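Student: Could you have a look at this structure, given as structure tokens, before my questions?
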Amino acid sequence: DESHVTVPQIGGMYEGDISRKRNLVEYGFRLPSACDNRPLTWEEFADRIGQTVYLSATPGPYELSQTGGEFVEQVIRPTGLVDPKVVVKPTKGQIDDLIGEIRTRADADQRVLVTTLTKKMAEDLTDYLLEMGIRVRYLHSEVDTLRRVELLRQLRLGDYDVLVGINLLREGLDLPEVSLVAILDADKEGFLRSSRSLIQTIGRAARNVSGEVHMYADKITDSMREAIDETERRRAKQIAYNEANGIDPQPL
DNA sequence: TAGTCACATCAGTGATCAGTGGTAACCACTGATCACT
Numbered sequence: 137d138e139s140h141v142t143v144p145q146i147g148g149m150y151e152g153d154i155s156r157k158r159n160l161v162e163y164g165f166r167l168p169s170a171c172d173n174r175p176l177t178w179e180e181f182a183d184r185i186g187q188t189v190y191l192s193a194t195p196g197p198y199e200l201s202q203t204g205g206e207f208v209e210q211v212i213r214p215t216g217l218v219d220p221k222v223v224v225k226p227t228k229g230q231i232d233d234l235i236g237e238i239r240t241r242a243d244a245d246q247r248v249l250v251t252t253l254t255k256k257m258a259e260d261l262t263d264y265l266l267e268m269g270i271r272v273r274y275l276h277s278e279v280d281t282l283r284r285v286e287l288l289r290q291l292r293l294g295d296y297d298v299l300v301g302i303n304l305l306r307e308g309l310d311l312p313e314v315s316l317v318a319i320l321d322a323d324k325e326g327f328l329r330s331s332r333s334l335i336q337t338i339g340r341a342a343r344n345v346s347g348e349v350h351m352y353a354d355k356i357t358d359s360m361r362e363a364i365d366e367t368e369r370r371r372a373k374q375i376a377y378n379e380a381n382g383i384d385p386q387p388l
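Numbered per our numbering, the first sequence finishes at 388, counting up by one with no gaps.
Here it is, written out as structure tokens:
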């Protein structure tokens, strides 16, 4: 499940653990048996697995290469969930528009998630945007469990309206009342900011009854536009399916 | 540098009971002085 971030997680975790295991065994901390005591490498994983089934919100490049591109699509939600609308704007000239949109939308008392690249201008935005009169919360690189479980509690208590985070946002931060999400200058190359994070934020906005993404780029890359195109076509398919399945949801 | 990434094991740390450390008659005596005839 969530293979798009599970298989890359397996690879990266194996790489990091084998690096630290070399740093241990070579520098006298553990035996090479501890190096053998490791998460499964992908070669031996393939050598050991049988009928392998993958499942994720997005088609992983490794899975697509392994399967040749032929997959099965079931991302359509009979429950009535659609992908978010997309607005693309330049990086500059956006703060006034954001303030106007949050003033117009705050009557619903929802939450808006924003992202940046590194810490300095991110925190500059945070203290400025708490200065001009909006309650804001931020995420850092060393977020512990309590400091955002309390964030979840106080957002279900409706104590603020906006969250900002760079990397501490893809792990279990589900919220039933997040409508608009802003992506700021993520077009630049990064080992931790390629297309999967943008599609993950798109899906996070999608899980709402009415999502929205505001995407700011100095330059346009093929990955983001292909992701937007596939998201839009999937949303069109979901809307077409839901137009026939007009029955209201009946949870059971 | 990303959320977890395997696996218990030492240190001297309060409060308090628990269970090692600290516990005048009798009138029996005999003598002195003495009340008595």
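Cβ coordinates follow ideal geometry from the N, Cα and C atoms, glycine included.
1) So for residue 458, helix, strand or coil by DSSP?
2) Provide the residue(s) that pair with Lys221 in DSSP beta bridges, ordered along the chain.
3) Tell me which same chain residues have a C-beta within less than 6 Å of the C-beta of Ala322, skipping the five on either side of it?
4) Since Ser139 and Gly196 are thought to touch, with beta carbons under 8 Å apart, how far apart are those beta carbons, to the nearest angstrom?
5) Determine, using beta carbons only, whether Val298 and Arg247 come nearer to each other than 8 Å.
6) Please go through the region 243-306 and give each complete beta strand (DSSP E) segment of 3 or more residues, from N-terminal end onward.
7) Assuming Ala318 and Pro220 are in contact, meaning their beta carbons sit under 8 Å apart, how far apart are those beta carbons, in whole angstroms?
8) Using 8 Å for Cβ pairs, my map puts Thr262 next to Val314. What's the rounded Cβ distance?
9) Buried or exposed, going by whether 16 or more other CB atoms sit within 10 Å of the CB of residue 103?
10) Residues in the same chain with beta-carbon distance under 6 Å from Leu265, minus the five sequence neighbours each way, listed in chain order, please.
11) Please classify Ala258 as buried or exposed, where buried requires at least 16 other C-beta atoms within 10 Å of its C-beta.
12) State the Cα-Cα distance for the pair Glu325 and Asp365, rounded to the nearest angstrom.
13) Exposed or buried, which one is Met360 when buried takes at least 16 other CB atoms within 10 Å?
14) Taking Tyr190 as the reference, give the member of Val143, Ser333, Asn173, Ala170 with the closest Cα.
15) Cβ atoms of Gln336 and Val218: under 8 Å apart, would you say?
16) Are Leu334 and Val250 closer than 8 Å when you measure CB to CB?
17) Which class does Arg213 belong to by DSSP, given the choice of helix, strand or coil?
18) Between which two residues does the alpha helix (DSSP H) holding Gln374 run?
19) Report the residue from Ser346, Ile356, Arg289 whose alpha carbon sits nearest the alpha carbon of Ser331.
20) What did DSSP end up calling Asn159 once you bin it into helix, strand or coil?
21) Taking its Cβ as the centre, do 16 or more other Cβ atoms sit within 10 Å of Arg284, making it buried, or is it exposed?
22) Report, in whole angstroms, the separation of the C-beta atoms of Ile238 and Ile270, which I expect to be a contact under 8 Å.
Tutor: This is what the structure holds:
1) Residue 458 lies beyond the stretch modelled for the chain, which goes from 137 to 388, so this question has no answer here.
2) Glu348
3) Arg329
4) 5 Å
5) yes
6) 247-250, 272-274, 298-300
7) Not confirmed; about 12 Å, so no contact.
8) 18 Å between Cβ atoms; not a contact.
9) Absent from the model: residue 103. The displayed extent of the chain is 137 to 388, so no value can be given.
10) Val272
11) buried
12) 20 Å
13) buried
14) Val143
15) no
16) no
17) strand
18) 358-380
19) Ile356
20) helix
21) buried
22) 7 Å
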